[PDB]
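J.: The data below comprise the sequence and an experimental structure of the protein.
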Amino acid sequence: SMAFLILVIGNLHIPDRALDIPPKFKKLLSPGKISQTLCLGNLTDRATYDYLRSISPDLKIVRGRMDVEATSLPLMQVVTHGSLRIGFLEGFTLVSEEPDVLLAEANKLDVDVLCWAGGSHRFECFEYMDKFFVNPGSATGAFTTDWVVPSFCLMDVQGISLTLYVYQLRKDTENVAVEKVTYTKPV
Amino acid sequence: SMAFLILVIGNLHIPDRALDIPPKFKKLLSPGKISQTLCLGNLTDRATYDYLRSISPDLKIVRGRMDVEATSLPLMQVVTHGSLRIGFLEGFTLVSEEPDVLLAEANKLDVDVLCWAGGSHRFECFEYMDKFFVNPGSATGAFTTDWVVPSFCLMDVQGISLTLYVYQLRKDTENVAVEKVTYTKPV
Amino acid sequence: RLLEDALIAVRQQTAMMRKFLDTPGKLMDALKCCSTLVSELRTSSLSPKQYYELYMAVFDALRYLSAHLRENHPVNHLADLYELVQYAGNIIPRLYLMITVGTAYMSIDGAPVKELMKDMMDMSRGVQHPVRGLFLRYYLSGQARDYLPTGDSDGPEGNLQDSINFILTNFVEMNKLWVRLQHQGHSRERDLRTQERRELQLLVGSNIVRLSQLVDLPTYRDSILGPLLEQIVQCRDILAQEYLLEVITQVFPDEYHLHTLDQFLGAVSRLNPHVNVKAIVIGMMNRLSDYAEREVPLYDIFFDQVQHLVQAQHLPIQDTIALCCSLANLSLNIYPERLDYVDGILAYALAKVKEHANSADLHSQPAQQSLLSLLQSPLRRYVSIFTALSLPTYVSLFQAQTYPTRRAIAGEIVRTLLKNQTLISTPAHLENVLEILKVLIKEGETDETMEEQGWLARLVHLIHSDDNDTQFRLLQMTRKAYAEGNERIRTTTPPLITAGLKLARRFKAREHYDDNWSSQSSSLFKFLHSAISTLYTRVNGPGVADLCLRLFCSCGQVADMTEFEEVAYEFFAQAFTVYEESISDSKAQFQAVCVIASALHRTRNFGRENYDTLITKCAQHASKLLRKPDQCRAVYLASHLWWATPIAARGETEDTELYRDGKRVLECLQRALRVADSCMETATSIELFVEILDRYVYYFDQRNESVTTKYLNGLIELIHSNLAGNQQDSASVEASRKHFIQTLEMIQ
Amino acid sequence: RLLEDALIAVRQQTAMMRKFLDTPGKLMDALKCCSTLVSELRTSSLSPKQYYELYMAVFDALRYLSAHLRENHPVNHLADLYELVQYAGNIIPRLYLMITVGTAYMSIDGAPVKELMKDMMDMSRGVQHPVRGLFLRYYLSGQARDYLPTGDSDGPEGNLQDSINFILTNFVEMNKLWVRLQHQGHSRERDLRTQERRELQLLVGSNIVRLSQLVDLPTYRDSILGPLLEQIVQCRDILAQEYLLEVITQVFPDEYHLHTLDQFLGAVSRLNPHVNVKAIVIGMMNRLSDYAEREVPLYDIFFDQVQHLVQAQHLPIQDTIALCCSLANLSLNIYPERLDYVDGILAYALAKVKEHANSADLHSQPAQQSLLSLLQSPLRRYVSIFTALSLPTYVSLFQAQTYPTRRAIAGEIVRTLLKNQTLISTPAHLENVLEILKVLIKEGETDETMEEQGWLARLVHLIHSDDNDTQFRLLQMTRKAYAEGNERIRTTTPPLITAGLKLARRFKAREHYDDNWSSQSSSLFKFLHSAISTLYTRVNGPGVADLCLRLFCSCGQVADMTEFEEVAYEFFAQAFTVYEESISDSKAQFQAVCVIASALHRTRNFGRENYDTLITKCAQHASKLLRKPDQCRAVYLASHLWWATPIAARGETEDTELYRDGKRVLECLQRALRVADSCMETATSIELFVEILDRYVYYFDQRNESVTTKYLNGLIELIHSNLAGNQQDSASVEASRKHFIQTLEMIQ
């Protein structure tokens, strides 16, 4: 296959709390690699949208706060690779992170894939109560709200299995890092 | 001077809680006499505002407890003729007409003039602690809203003096009164 | 053009006529010259304008002719010449000399006048030409004007019937040539010859003039009225009917019209439709007005004439309703007295004639103008309103009145009521004005306040003008009428608030005679709170509900003042509720909680078990405001829950002083102190410290047992140091210093 | 054409000449054939282009003639046929005869060359035809190119001196033609004659081409400085000296030239204004550029030379600035590092020209393009212009550009400043950027942001490179530097917010080393507010206020994190305030209060006068809305004073525990539910139940007490029942039942 690398790129905050991706990882976003780009909103600036369009073969977004004029663009978007109902968001709508309340809203939208990038801005993943948890922290690597590494993930979703190649640029001198994670959905 | 027909009068709870002033004041308060009308606000409709703007090009409109729509018009305002400083407001701050609070707010205002809307329509006057205490009253003394005299006085302000012409429309059979009880600022 | 030559020939003829008249004995030659004179005009070539100019010329000429005639010739007579020239073939000079000698005879011989005249009239039948006949007869009549055989002749030669014959024949010949004047000359000259007819019709009306110089009502109605109406219906010509009858009416005095109307009206009611019968019957009604306006059901009989001509003719609805305007005016001149007759025919009959006349769309239609005029006719004719207020059925007429006229007449009648005191509203009166309202606002820039701002104000106020006891059921009938819709009474409910509130104490004032004042007072309270929640239930007010707040407050405050703590406690709890539900804008929230404070403030006798709980709830919600400086404002007013203040807290067990819980007062004083220590603004905090100083020093002078002079000294030294050490230059700083000076003077 | 016929004839002529030369022994007829062939060469009926083609044909044939020369003629001799056939007054036939003889002699022996060459040059006085003279001397040069002596100069006739003499005199006489050729003939032939000149310039430059392998620098300068320069001052032709100096540039090792090009410039400063001096200059500058930067203060000398020149010239905008930017590049070549002189060129050469150039606004003039190129030449040139950025007389030149040039330079500068990232900055960059911005939108849809938006972004971003202490002062610089007026700062501000707010953290990195960090933090809060109003100063724009609202929120949580959170309290309140200003859209506030709740929920360090107070305030915010579901959403989101939620609540306000307000917010929830009971919709009610049970089990599993399993079991059964019993189908219903049975699994 090798058709849909599902990168978790987000936490844009441009120019909200960010302006640019690290050069290596930014050019790692050259078109022709993936036909699938996962932007998650609050880009924000118009130039962000323009460069995205020039750079992104895939347009599926959630609705975002810092975003004044294209308030028309949907709150969310459901995707299917193989046979999956896929939910993606930030994490703002709920007051907390409670995975069970999250999957509550998910059932209110009927998706079995659960990915977001909220306001604590961490990477952690696991399953509790029969569903899987996806948040990478500031995929733009920006400073968090809490007391970050840019975390996009070569999420290899075909069928019910996900392989995750996360590319990480952390300073010791900066260091390009790759971690491989595999997840198969309980269908 | 008849260019200073300074009058505290009106206050009929209108259009809610009266119908209108009888022709007596209407002709007594028609255009052609007063060049400077002293408004007590809380009319509360607009047509009477029009009529009072018609009484003189010199008024002082205020928002009252029954005045909602014009959220903008604050409640206090001071004017000065010579050495007299004519301060005036609602009095909402008052829990009772305690002379301490009265003179204290006056000092906040730097005024010796007394105009407000309490709870009762009850006049009294006397001297105590460098200030005199005068109830602005109503047109003929409408019902209980201002700590029952028909209040209107042909008042010219000169220096520290105001020629208070104590006039009433007293029932016995409402009848016009021509009397004077004048006060001048002690300074 | 030839007319000018005829005029000059007539001028020379009058010249030779003057010459022959000035010479007596040649008066035969004078008559010859006068026959030549009249022969110049005898042709129909003279246009009725110039024909009549020539006729008045020859008429003044024949005036001198007949004068000198009556001078010279009637010395004895001309022996029977009337018959000697009655058979000769040459007709014209025969007739002219005959009328001249008949004039001479009428001058000298008073008895044979009628014989000569009647014979001249009979010989007038053999000729069918109306021009010469009419003009010749006008000459003869102008001669016979001064000696008609009439009521002055009481049985000798001449009587009523003799002048009757004379004038009637003259008139019918006038009408004969007059209707021919519609067809005289050329055919395409219809308009011109009818204009000439109109020019000559005054000569016709001259007979009516002569008739006006005659007998009074009785012999008239006996021998003339009959003939009069006879000719009236016998002309059967639009123009004859119209002109001749308007002349008649205008002419004759009303002693005749005393008992001669009804049959005459009926006779008119059946004439030609192409007549403007509307206008002429209106003129009759104007004579009737000349009757009425001066200070046997002619009312009803005349309405029957109206209905008949409605049937006997084909009346446009507009004409009808305008006539009805005039009729209503006339009748409310006649019976404002027991108008029940009048309103009968008008609404119950004439207005029904209207609803019969299913008029098409009519505002620009003059039918609508007649409509409005008729409708206001009683209204403006009224001097007192309960005449109208007695008219219950116009509510249908209201529906029978059209939309804009609906508004016009309604505003009219209402403000007419309004310009002075109205009276109690009987049931019928109630639902009638309720109908007015539910037509106006219901059914469905405030340059009209559309429309009832002052109108509802005066409405709700005159509600008090009604009878004390029923005023309650009136409240209920009106709150029913106060169902204008969720979007109509928006800001004019406070009126009904006033109504309930005043009635509360008014009916409270009847306890010495009926204990139901308590029960029905509670019942009121319920009806009120119903209405009040209703305006809460007008949740659709854009946070504007401070009103409904104020209204509940007024109510509960009076309830405790009417000493009804039971629901007073309840309804102030409700105030609490809606308050939190409504507690909206910082500035607003401020003012409104002040309102709640006053609501507490004015009480005196309320139960303490509820009182102190209310104190707690207050202090709580006070502390439930937001912004700092205004907050400490709230704080210092909140301690009045305890202090020797307000009217709420004045107990006569305090030795005329007030509740005075100065301890918790000083507690909240410490609280506000803390808060002001943290507003993060210098000068405001400073002035507030001054205010707190003023509180404390008043309590000192008010002798708060908790006011410690140590707190005095600590705070004043703190403040004196700050104003001396750290106060930044500004005017309010000077205000602080000077008012601090005032406080120092006040420390005693 | 005559060209074709002449070419055919001379082609048959050289064919028989080959028949002569390939078969030896026919020397006499071969010489006669050459003579008669050059007889057609004196015939100038061939146009200079036709003559050129025929001359190239005969020249390639003449190379073979010279081969036959070298192969046959070196045998003995040829004796004076020139003087023997001298009988005719003509010159050219015997001329070329003895010329072929001399070519033979130079083909054999190097000694006789100069003798016969000076013979040809002396007897050439009779040749008044300059075209034939040039053609002949070019033939000689191309021939003697392989026969003109060189560094083997030993003294026989013909040496470096003698060969350079021969080549120089031929060169200058061919120059004399090349001049007259433009003018010889009819005056109207001047266009085609300039064509001839341009066509035959290289035939004369071949002389210098042979000079390439010749005299060294001393001999070079001596032998060349005089003669050809005098030829130049005599001809005064543009193309002449142009092509000449071109071939000169390329001809000798330029250690010769540049060591002479100084005094060469001193000599050639004489140029006429109508001569294309600038092309000469720029070709020189080309030599000098690929001289220097190809990896005598030529600045002083050559700059003053061209100073004199433009002073001696009258260069309009175009020539002036062209030479100016060329000088710029030239200095960039020779003295990149001798910058002082370069900025001298800037200020007291180029800026003085700029204003000294009293030329109005000019863009059609490409000279503006030249000046822009000039300005950017060290920009486009340095990898480190920040070095030149440390010069104002580098940048203070910028006022001297006009609005169009201004934003041109603006695009260029922003490009410069965008590709790079900013290092440690003194205030110097701040000078530079004052310039930048006051050029930027100062003085007075932004199709390209142009480019200020992407610009301002990276501007303030590189600004972060600054360090804390001065970062605030330069924050001043920034902020009020944004005193331009309204409709820009929307495109600006959040960056600026962030600048200040993360400077808060940079500063705070010294709180363990400061107490005035409280005061410097004040300075912050001040400057914060400064900007904050500065944007609130701008209310006119849509959708931009809500932003600064959120921005205020961010600063608040900042101070929360800066641990000096005394004032963020106030920020949060006034944030509510400016909301109450900015109340126009539903879903706006929906998300807005969503953000409010989030932020506050992330606030746990304030005191009760902040803590519980603001809890109630946000509760109010929630309560103050219009439409149900979204409300309920935020409502149960706001539930956080008492019990277990959320994990992020690592708080010692409740001993590392969580605060999930239970009972009060629960009754508020019940309130919301009953309010929603007024909806009368299916899917909405479905949602309601969903979140109901969501939070119910959310309590029960998180050990919340009064949420007993009885309520939950009964209500889930009730929801299932009324769902099934009285609610119509929709896919929502079934997905909800799925969610519901899931919840049942989750009840634990």
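T.: Nice, I can see it. Residues are numbered from 1 along each chain as shown, chains lettered A, B, ... in the order given.

J.: count of residues packed around the residue nearest to residue C:193 when sequence neighbours are not counted?
T.: Leaving out its chain neighbours, the residue that sits closest to residue C:193 by C-beta to C-beta, 6 or more residues apart in numbering or on different chains is residue C:184, at 4.9 Å. From N, CA and C alone the C-beta is placed, and that goes for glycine too. Neighbourhood size, residue C:184 [other C-beta atoms under 10 Å in any protein chain shown]: 21.

J.: and what of residue C:214?
T.: Residue C:214 has 18 neighbouring residues, counting by other C-beta under 10 Å.

J.: Check residue C:597 too.
T.: 20.

J.: need the contact list for it.
T.: B:95, C:618, C:637, C:638, C:640 (C-beta atoms under 8 Å, 6 or more residues apart in numbering or on different chains).

J.: a markdown table please, covering the residues you listed and showing secondary structure.
T.: Formatted as a markdown table, these follow (DSSP: H, G, I helix; E, B strand; the rest coil):
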| residue | secondary structure |
| --- | --- |
| B:95 | coil |
| C:618 | helix |
| C:637 | helix |
| C:638 | helix |
| C:640 | helix |
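
J.: The residue nearest to residue C:193: what's it in contact with?
T.: By C-beta under 8 Å, 6+ apart, the contact set of residue C:184 is C:44, C:131, C:193, C:196.

J.: In strands, which of those appear?
T.: Of those, none are assigned to strands by DSSP state E.

J.: Buried subset of these, written for PyMOL?
T.: To isolate the buried ones among the contacts of residue C:184 in PyMOL, judged by 16 or more other C-beta atoms under 10 Å in any protein chain shown, type:
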select buried, chain C and resi 131+193+196
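
J.: Just give me the closest of the contacts of residue C:184 to chain B.
T.: Closest approach to chain B among these (C-beta to the nearest C-beta): residue C:196, at 62.4 Å.

J.: now what about stretch C:337-346, what contacts it?
T.: Applying C-beta under 8 Å, 6+ apart, the contact partners of stretch C:337-346 are C:299-300, C:303, C:324, C:327-328, C:331-332, C:334-336, C:378, C:387, C:390-391.

J.: Who wins on neighbours among those residues?
T.: residue C:331 (28 neighbours).

J.: From what I see, that one and residue C:300 are in contact.
T.: No - contact criterion C-beta atoms under 8 Å: residue C:331 and residue C:300 do not qualify, at 9.8 Å.

J.: who are the neighbours in contact with the residue in the stretch 51-200 of chain C that chain D sits nearest to?
T.: Using C-beta to the nearest C-beta, residue C:191 is the residue of the stretch 51-200 of chain C that sits closest to chain D, at 73.2 Å. With contact set as C-beta under 8 Å, 6+ apart, residue C:191 has no partners.

J.: Return the backbone torsion pair for residue 50.
T.: In the absence of a named chain, this looks at chain A. phi -60, psi -50 (degrees, to the nearest 10).

J.: ok, which stretches of chain C are strands?
T.: Going by DSSP E, chain C shows no strands.

J.: likewise chain A?
T.: Counting by DSSP E, the strands of chain A are A:5-6, A:86-88, A:113-115, A:123-124, A:127-128, A:131-132, A:135-136, A:152-158, A:161-171, A:174-184.

J.: out of those strands, deepest packed?
T.: For the strands of chain A, average neighbour numbers computed from mean count of other C-beta atoms under 10 Å in any protein chain shown are highest in strand A:135-136, which has a mean of 26.

J.: what's the burial count for the residue of chain A found nearest chain C?
T.: When distances are taken as C-beta to the nearest C-beta, chain A reaches nearest to chain C at residue A:95, 21.8 Å away. When neighbours are defined as other C-beta under 10 Å, residue A:95 has 23 of them.

J.: Hmm, it is touching residue D:646, no?
T.: Yes - counting by C-beta under 8 Å, residue D:646 is a contact partner of residue A:95 at 7.4 Å.

J.: Excluding sequence neighbours, find me the nearest residue to the residue in chain A that chain B sits nearest to.
T.: Residue nearest to chain B within chain A (C-beta to the nearest C-beta): residue A:68, separated by 27.7 Å. Once flanking residues are discounted, residue A:68 sits nearest to residue D:543: 4.0 Å by C-beta to C-beta, 6+ apart.

J.: hang on, that neighbour packs against residue A:70?
T.: No - the pair residue D:543 / residue A:70 is not scored as a contact, 11.1 Å apart, by C-beta under 8 Å.

J.: hmm, who's touching the longest helix along chain C?
T.: Secondary structure assigned by DSSP state H gives helix C:48-72 as the longest helix of chain C. Contact with helix C:48-72 is made by C:3, C:6-7, C:10-11, C:13-14, C:17-18, C:21, C:24-25, C:27, C:30-31, C:34, C:37-38, C:40-41, C:44, C:46, C:100, C:103-104, C:107-108, C:135, C:138-139, C:142-143, C:181, C:193, C:196-197, C:199-200, as judged by C-beta under 8 Å, 6+ apart.

J.: next one: it to chain centre, how far?
T.: 57 Å (C-alpha atoms, centre = their mean, to the nearest Å).

J.: related to what we said a few turns ago, if I pick the residue of chain A closest to chain B, what's in contact with it?
T.: Shown in contact with residue A:68 (C-beta under 8 Å, 6+ apart): D:543, D:544, D:546, D:547.

J.: again with residue C:576
T.: Residue C:576 makes contact with C:617, C:621 under the criterion C-beta under 8 Å, 6+ apart.

J.: how near is it to residue C:563?
T.: Using C-beta to C-beta, to the nearest Å, residue C:576 is found at 21 Å from residue C:563.

J.: List, one by one, the residues from chain A near chain D.
T.: A:15-17, A:19-20, A:45-47, A:65-66, A:68-69, A:71, A:92-98, A:100-101, A:104, A:107-108, A:110, A:119-120, A:129-130, A:143, A:145 (C-beta under 8 Å from any C-beta of the partner chain).

J.: Among those residues, name the buried ones.
T.: A:15-17, A:19, A:45-47, A:65-66, A:92-98, A:100-101, A:104, A:107-108, A:119-120, A:145.
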